[PDB]
$ cat input_19.cif   # mmCIF, C-alpha atoms
data_entry
loop_
_atom_site.label_atom_id
_atom_site.label_comp_id
_atom_site.auth_asym_id
_atom_site.auth_seq_id
_atom_site.Cartn_x
_atom_site.Cartn_y
_atom_site.Cartn_z
CA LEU A 10 -46.43 -104.41 40.12
CA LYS A 11 -43.96 -104.70 37.23
CA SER A 12 -40.62 -102.92 36.78
CA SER A 13 -40.46 -99.37 35.44
CA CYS A 14 -39.36 -97.90 32.10
CA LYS A 15 -35.61 -97.76 31.46
CA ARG A 16 -32.85 -98.59 28.98
CA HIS A 17 -31.63 -102.18 28.63
CA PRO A 18 -28.69 -103.62 26.65
CA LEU A 19 -29.44 -105.51 23.44
CA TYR A 20 -26.85 -106.79 20.99
CA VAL A 21 -28.38 -107.51 17.60
CA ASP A 22 -26.60 -110.00 15.39
CA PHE A 23 -27.58 -109.33 11.78
CA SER A 24 -27.60 -113.06 11.00
CA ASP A 25 -30.27 -113.62 13.65
CA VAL A 26 -32.61 -111.29 11.76
CA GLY A 27 -31.76 -112.34 8.21
CA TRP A 28 -29.80 -109.19 7.41
CA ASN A 29 -26.18 -110.39 7.24
CA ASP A 30 -26.29 -110.84 3.46
CA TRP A 31 -26.99 -107.25 2.48
CA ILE A 32 -24.99 -105.90 5.42
CA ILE A 33 -21.24 -106.28 5.06
CA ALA A 34 -20.13 -104.50 8.23
CA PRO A 35 -20.53 -104.72 11.08
CA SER A 36 -21.64 -108.28 11.87
CA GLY A 37 -24.02 -106.76 14.40
CA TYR A 38 -24.46 -103.83 16.77
CA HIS A 39 -25.62 -102.68 20.19
CA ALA A 40 -29.12 -101.40 19.57
CA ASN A 41 -30.36 -101.42 23.17
CA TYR A 42 -34.08 -101.34 23.95
CA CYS A 43 -36.66 -99.78 26.24
CA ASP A 44 -38.84 -101.89 28.52
CA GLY A 45 -40.77 -101.49 31.76
CA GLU A 46 -44.07 -100.06 32.95
CA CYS A 47 -45.12 -96.41 33.02
CA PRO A 48 -46.91 -95.94 36.38
CA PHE A 49 -47.87 -92.82 38.37
CA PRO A 50 -45.75 -91.70 40.23
CA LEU A 51 -44.14 -91.23 36.83
CA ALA A 52 -40.55 -90.74 37.96
CA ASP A 53 -39.40 -87.25 37.00
CA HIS A 54 -36.70 -89.05 35.05
CA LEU A 55 -39.21 -91.19 33.17
CA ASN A 56 -38.88 -88.55 30.51
CA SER A 57 -42.65 -88.56 30.16
CA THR A 58 -44.39 -86.28 27.65
CA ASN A 59 -47.33 -84.25 28.96
CA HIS A 60 -49.71 -86.53 27.06
CA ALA A 61 -48.11 -89.57 28.68
CA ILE A 62 -48.97 -88.11 32.07
CA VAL A 63 -52.57 -87.48 31.01
CA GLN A 64 -53.00 -90.94 29.47
CA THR A 65 -51.52 -92.66 32.52
CA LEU A 66 -54.05 -90.86 34.72
CA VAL A 67 -56.88 -91.84 32.38
CA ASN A 68 -55.82 -95.50 32.36
CA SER A 69 -56.12 -95.58 36.15
CA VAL A 70 -59.81 -94.64 35.99
CA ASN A 71 -60.38 -96.31 32.62
CA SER A 72 -58.32 -99.37 31.73
CA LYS A 73 -59.74 -99.43 28.21
CA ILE A 74 -57.14 -96.75 27.61
CA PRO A 75 -53.62 -98.21 27.90
CA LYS A 76 -50.81 -96.85 30.04
CA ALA A 77 -47.99 -94.92 28.41
CA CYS A 78 -45.37 -97.12 26.77
CA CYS A 79 -41.64 -97.29 27.49
CA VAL A 80 -40.09 -96.26 24.16
CA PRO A 81 -36.91 -94.55 22.89
CA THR A 82 -37.03 -90.77 23.31
CA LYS A 83 -33.60 -90.20 21.77
CA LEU A 84 -31.67 -92.30 19.26
CA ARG A 85 -28.22 -92.41 17.66
CA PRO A 86 -27.03 -93.34 14.15
CA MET A 87 -24.65 -96.22 13.45
CA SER A 88 -22.14 -96.50 10.61
CA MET A 89 -22.85 -99.32 8.17
CA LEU A 90 -21.25 -100.92 5.12
CA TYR A 91 -23.87 -102.53 2.88
CA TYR A 92 -24.77 -103.59 -0.66
CA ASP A 93 -26.90 -101.45 -2.97
CA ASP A 94 -29.05 -103.32 -5.50
CA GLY A 95 -26.10 -103.25 -7.91
CA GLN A 96 -24.00 -105.09 -5.34
CA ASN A 97 -21.77 -102.07 -4.86
CA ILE A 98 -20.57 -101.49 -1.30
CA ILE A 99 -22.10 -98.47 0.42
CA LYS A 100 -20.86 -96.68 3.53
CA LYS A 101 -23.68 -94.86 5.31
CA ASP A 102 -24.86 -93.63 8.70
CA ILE A 103 -28.28 -95.17 9.33
CA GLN A 104 -30.36 -92.86 11.52
CA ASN A 105 -32.31 -93.95 14.60
CA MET A 106 -30.61 -97.31 15.15
CA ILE A 107 -29.20 -97.02 18.67
CA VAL A 108 -31.25 -96.16 21.75
CA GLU A 109 -29.70 -93.43 23.87
CA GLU A 110 -32.59 -92.65 26.23
CA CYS A 111 -35.92 -94.24 27.12
CA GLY A 112 -39.12 -92.61 28.35
CA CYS A 113 -42.84 -93.15 28.78
CA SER A 114 -44.65 -91.77 25.74
CA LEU B 10 -53.44 -111.56 16.07
CA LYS B 11 -54.32 -108.17 17.57
CA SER B 12 -55.08 -104.89 15.77
CA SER B 13 -52.27 -102.66 14.52
CA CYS B 14 -50.90 -99.31 15.71
CA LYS B 15 -53.01 -96.24 14.91
CA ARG B 16 -54.58 -93.09 16.36
CA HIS B 17 -57.77 -93.34 18.43
CA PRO B 18 -60.03 -90.61 19.82
CA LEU B 19 -59.88 -89.86 23.54
CA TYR B 20 -61.66 -87.02 25.30
CA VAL B 21 -60.12 -86.29 28.68
CA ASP B 22 -62.32 -84.60 31.26
CA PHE B 23 -60.09 -82.84 33.78
CA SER B 24 -62.45 -83.75 36.63
CA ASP B 25 -61.96 -87.45 35.88
CA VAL B 26 -58.24 -87.08 36.56
CA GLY B 27 -58.41 -84.69 39.52
CA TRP B 28 -57.21 -81.67 37.56
CA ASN B 29 -60.31 -79.48 37.29
CA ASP B 30 -59.38 -77.41 40.35
CA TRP B 31 -56.10 -75.98 39.08
CA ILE B 32 -57.36 -75.87 35.50
CA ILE B 33 -59.92 -73.17 34.81
CA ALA B 34 -60.37 -73.67 31.08
CA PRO B 35 -61.16 -75.78 29.27
CA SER B 36 -63.19 -78.35 31.21
CA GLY B 37 -61.39 -81.00 29.18
CA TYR B 38 -59.80 -81.68 25.82
CA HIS B 39 -59.32 -84.16 22.99
CA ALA B 40 -55.99 -85.77 23.75
CA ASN B 41 -56.34 -88.84 21.54
CA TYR B 42 -54.14 -91.89 22.08
CA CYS B 43 -52.11 -94.53 20.27
CA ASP B 44 -52.91 -98.22 20.59
CA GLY B 45 -52.41 -101.41 18.59
CA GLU B 46 -49.66 -103.92 17.88
CA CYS B 47 -46.45 -103.36 15.94
CA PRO B 48 -46.03 -106.49 13.76
CA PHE B 49 -43.85 -107.24 10.71
CA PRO B 50 -45.00 -106.47 8.01
CA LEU B 51 -44.64 -103.10 9.69
CA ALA B 52 -46.95 -101.09 7.45
CA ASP B 53 -44.94 -98.42 5.65
CA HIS B 54 -47.33 -95.99 7.32
CA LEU B 55 -46.63 -97.39 10.78
CA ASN B 56 -44.15 -94.56 11.00
CA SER B 57 -41.63 -96.99 12.44
CA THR B 58 -38.13 -95.85 13.42
CA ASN B 59 -35.24 -97.95 12.15
CA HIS B 60 -34.72 -99.30 15.67
CA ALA B 61 -38.38 -100.29 15.85
CA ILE B 62 -37.86 -102.43 12.75
CA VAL B 63 -34.79 -104.07 14.27
CA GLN B 64 -36.46 -104.70 17.63
CA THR B 65 -39.56 -106.17 16.01
CA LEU B 66 -37.37 -108.62 14.10
CA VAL B 67 -35.51 -109.54 17.29
CA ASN B 68 -38.75 -110.13 19.20
CA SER B 69 -39.80 -112.68 16.59
CA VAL B 70 -36.73 -114.82 17.29
CA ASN B 71 -36.47 -113.78 20.94
CA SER B 72 -39.66 -112.92 22.81
CA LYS B 73 -37.69 -111.78 25.85
CA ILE B 74 -37.29 -108.60 23.84
CA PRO B 75 -40.66 -106.85 23.42
CA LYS B 76 -42.18 -105.69 20.15
CA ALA B 77 -42.13 -102.00 19.27
CA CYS B 78 -44.84 -99.98 20.99
CA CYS B 79 -47.57 -97.86 19.40
CA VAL B 80 -46.79 -94.36 20.70
CA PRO B 81 -47.24 -90.73 19.59
CA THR B 82 -44.63 -89.68 17.01
CA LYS B 83 -45.95 -86.13 16.71
CA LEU B 84 -47.88 -84.02 19.22
CA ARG B 85 -49.67 -80.66 19.36
CA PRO B 86 -49.98 -78.02 22.11
CA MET B 87 -53.30 -76.99 23.63
CA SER B 88 -54.22 -73.59 25.08
CA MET B 89 -54.98 -73.64 28.80
CA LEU B 90 -56.17 -71.24 31.50
CA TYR B 91 -54.92 -72.30 34.93
CA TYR B 92 -53.97 -71.16 38.43
CA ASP B 93 -50.39 -70.46 39.48
CA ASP B 94 -49.53 -71.10 43.13
CA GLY B 95 -50.61 -67.54 43.92
CA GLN B 96 -54.06 -68.32 42.51
CA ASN B 97 -53.52 -65.93 39.62
CA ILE B 98 -54.99 -67.05 36.30
CA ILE B 99 -52.43 -68.07 33.68
CA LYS B 100 -52.95 -68.44 29.94
CA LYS B 101 -50.42 -70.83 28.42
CA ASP B 102 -49.87 -73.28 25.57
CA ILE B 103 -48.95 -76.62 27.13
CA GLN B 104 -46.68 -78.57 24.78
CA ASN B 105 -47.17 -82.22 23.80
CA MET B 106 -50.79 -82.60 24.93
CA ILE B 107 -52.59 -83.66 21.75
CA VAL B 108 -51.63 -86.66 19.63
CA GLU B 109 -51.37 -85.86 15.93
CA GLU B 110 -49.72 -89.04 14.65
CA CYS B 111 -48.98 -92.51 16.01
CA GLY B 112 -46.17 -94.90 15.13
CA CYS B 113 -44.30 -97.97 16.31
CA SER B 114 -41.22 -96.88 18.24
#
$ encode --input "input_19.cif" --output "structure tokens"
Amino acid sequence: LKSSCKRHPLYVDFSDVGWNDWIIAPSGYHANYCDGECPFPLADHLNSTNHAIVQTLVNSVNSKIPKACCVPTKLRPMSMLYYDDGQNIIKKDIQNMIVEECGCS
Amino acid sequence: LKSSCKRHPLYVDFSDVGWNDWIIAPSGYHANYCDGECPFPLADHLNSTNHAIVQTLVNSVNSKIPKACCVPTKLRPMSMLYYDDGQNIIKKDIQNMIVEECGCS
């Protein structure tokens, strides 16, 4: 019996992932992450897709098929200053960088 | 070294999941499912979100944070005949029932 799917805090420092050279600003950001099991009773707020519900049921009677996985169901952009290949500074909103909600999919 | 994220076939019989009573037709359907690891080099066709790429990198230097998970990134409805609570037959397209594409999220 492991914990259930939800949203956890995660600060990513760009230097820890070898990205601080091509990324000028910020030094890092709060990406968050989703972790936890997807068990039936899928909590109504597990944000489960219909297929997640089916697959979870199937796993119970057939563990060859995995349970649904706790993944981001909604993400947010984050503003970034970074080099192009010409070493010119670029301001840009990178899509799908910050987790807003998690759910079993 | 485990296999990578992709789409696998999965036929779900409604009787195997205790659903054949309230579902008149069909007897079952091809739901498919996503399974496999999400490792860097994330294949360009791993359909990875930007956050999936970040989280995968983080996992490598910090295994407290999990790798991205192989989940459906696009789903399809399936037509269903089923009982309401008044035992009247209902025809309806149930959204997000069939996996069309998988990707590390």
$ calpha_fit_and_write --input "input_19.cif" --fixed "chain A" --moving "chain B" --output "short mmCIF file (atom, residue, chain, number, x, y, z; two decimals) with C-alpha atoms, in the coordinates of the input"
data_model
loop_
_atom_site.label_atom_id
_atom_site.label_comp_id
_atom_site.auth_asym_id
_atom_site.auth_seq_id
_atom_site.Cartn_x
_atom_site.Cartn_y
_atom_site.Cartn_z
CA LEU B 10 -46.43 -104.41 40.12
CA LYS B 11 -43.96 -104.70 37.23
CA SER B 12 -40.61 -102.92 36.77
CA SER B 13 -40.46 -99.37 35.44
CA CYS B 14 -39.36 -97.90 32.10
CA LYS B 15 -35.61 -97.76 31.47
CA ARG B 16 -32.85 -98.59 28.98
CA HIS B 17 -31.62 -102.19 28.63
CA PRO B 18 -28.70 -103.61 26.65
CA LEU B 19 -29.43 -105.51 23.44
CA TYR B 20 -26.85 -106.79 20.99
CA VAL B 21 -28.39 -107.50 17.60
CA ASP B 22 -26.60 -110.00 15.38
CA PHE B 23 -27.58 -109.33 11.78
CA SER B 24 -27.60 -113.06 11.00
CA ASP B 25 -30.27 -113.62 13.65
CA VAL B 26 -32.61 -111.29 11.77
CA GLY B 27 -31.75 -112.34 8.21
CA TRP B 28 -29.79 -109.19 7.41
CA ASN B 29 -26.19 -110.39 7.24
CA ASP B 30 -26.29 -110.85 3.46
CA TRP B 31 -26.99 -107.25 2.48
CA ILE B 32 -24.99 -105.90 5.41
CA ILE B 33 -21.24 -106.28 5.07
CA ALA B 34 -20.13 -104.50 8.22
CA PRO B 35 -20.54 -104.73 11.08
CA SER B 36 -21.64 -108.28 11.87
CA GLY B 37 -24.02 -106.75 14.40
CA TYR B 38 -24.46 -103.83 16.76
CA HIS B 39 -25.62 -102.68 20.19
CA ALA B 40 -29.12 -101.40 19.58
CA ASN B 41 -30.36 -101.43 23.17
CA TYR B 42 -34.08 -101.34 23.95
CA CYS B 43 -36.66 -99.78 26.24
CA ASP B 44 -38.84 -101.89 28.51
CA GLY B 45 -40.77 -101.49 31.76
CA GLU B 46 -44.07 -100.06 32.95
CA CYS B 47 -45.12 -96.41 33.01
CA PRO B 48 -46.90 -95.94 36.38
CA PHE B 49 -47.87 -92.82 38.37
CA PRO B 50 -45.75 -91.70 40.22
CA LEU B 51 -44.14 -91.23 36.83
CA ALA B 52 -40.55 -90.74 37.96
CA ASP B 53 -39.41 -87.25 37.00
CA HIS B 54 -36.69 -89.05 35.05
CA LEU B 55 -39.21 -91.19 33.17
CA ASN B 56 -38.88 -88.55 30.51
CA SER B 57 -42.65 -88.55 30.16
CA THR B 58 -44.40 -86.28 27.65
CA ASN B 59 -47.33 -84.25 28.95
CA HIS B 60 -49.71 -86.53 27.06
CA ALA B 61 -48.11 -89.57 28.68
CA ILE B 62 -48.98 -88.10 32.07
CA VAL B 63 -52.57 -87.48 31.01
CA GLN B 64 -52.99 -90.94 29.47
CA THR B 65 -51.53 -92.66 32.52
CA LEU B 66 -54.05 -90.86 34.72
CA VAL B 67 -56.89 -91.84 32.38
CA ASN B 68 -55.82 -95.50 32.37
CA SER B 69 -56.12 -95.58 36.15
CA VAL B 70 -59.81 -94.64 35.99
CA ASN B 71 -60.39 -96.31 32.62
CA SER B 72 -58.33 -99.37 31.73
CA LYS B 73 -59.74 -99.43 28.21
CA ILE B 74 -57.14 -96.75 27.60
CA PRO B 75 -53.62 -98.21 27.89
CA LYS B 76 -50.81 -96.85 30.04
CA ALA B 77 -47.98 -94.92 28.41
CA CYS B 78 -45.37 -97.13 26.77
CA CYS B 79 -41.63 -97.29 27.49
CA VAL B 80 -40.09 -96.25 24.16
CA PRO B 81 -36.91 -94.55 22.89
CA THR B 82 -37.03 -90.76 23.31
CA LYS B 83 -33.61 -90.20 21.77
CA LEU B 84 -31.68 -92.31 19.26
CA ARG B 85 -28.22 -92.41 17.67
CA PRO B 86 -27.03 -93.34 14.15
CA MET B 87 -24.66 -96.22 13.46
CA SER B 88 -22.14 -96.50 10.61
CA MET B 89 -22.85 -99.32 8.18
CA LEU B 90 -21.25 -100.92 5.12
CA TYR B 91 -23.87 -102.53 2.88
CA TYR B 92 -24.77 -103.58 -0.66
CA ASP B 93 -26.90 -101.46 -2.97
CA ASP B 94 -29.05 -103.32 -5.50
CA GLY B 95 -26.11 -103.25 -7.91
CA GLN B 96 -24.00 -105.09 -5.33
CA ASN B 97 -21.77 -102.07 -4.86
CA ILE B 98 -20.57 -101.49 -1.30
CA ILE B 99 -22.11 -98.47 0.43
CA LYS B 100 -20.86 -96.68 3.53
CA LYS B 101 -23.68 -94.86 5.31
CA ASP B 102 -24.86 -93.63 8.70
CA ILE B 103 -28.28 -95.17 9.32
CA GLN B 104 -30.36 -92.86 11.51
CA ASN B 105 -32.30 -93.95 14.61
CA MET B 106 -30.60 -97.31 15.15
CA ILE B 107 -29.20 -97.02 18.68
CA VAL B 108 -31.25 -96.16 21.75
CA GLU B 109 -29.70 -93.42 23.87
CA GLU B 110 -32.58 -92.65 26.23
CA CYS B 111 -35.92 -94.24 27.13
CA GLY B 112 -39.12 -92.61 28.35
CA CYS B 113 -42.84 -93.15 28.78
CA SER B 114 -44.65 -91.77 25.74
#
$ atom_distance --input "input_19.cif" --atom1 "CA of residue 83 in chain A" --atom2 "CA of residue 110 in chain A"
5.2 Å
$ closest_residue --input "input_19.cif" --among "A:99, A:77, A:14, A:90" --to "chain B" --atoms "all atoms listed in the file"
A:77
$ resolve_selection --input "input_19.cif" --expression "the PyMOL selection byres ((chain B and resi 21) around 9)" --output "JSON, numbers by chain"
{"A": [63, 64, 67], "B": [19, 20, 22, 23, 24, 25, 26, 36, 37, 38, 39, 40, 41]}
$ closest_atom_pairs --input "input_19.cif" --of "chain A" --to "chain B" --cutoff "7 Å" --atoms "only C-alpha atoms" --output "CSV"
residue,atom,partner,partner_atom,distance
A:26,CA,B:66,CA,5.9
A:58,CA,B:105,CA,6.2
A:59,CA,B:105,CA,5.5
A:60,CA,B:106,CA,4.6
A:66,CA,B:26,CA,5.9
A:67,CA,B:26,CA,6.5
A:78,CA,B:78,CA,6.5
A:80,CA,B:114,CA,6.1
A:81,CA,B:114,CA,6.8
A:105,CA,B:59,CA,5.5
A:106,CA,B:60,CA,4.6
A:107,CA,B:60,CA,6.7
A:114,CA,B:80,CA,6.1
$ closest_residue --input "input_19.cif" --among "B:72, B:92, B:87, B:50" --to "residue 13 in chain B" --atoms "all atoms listed in the file"
B:50
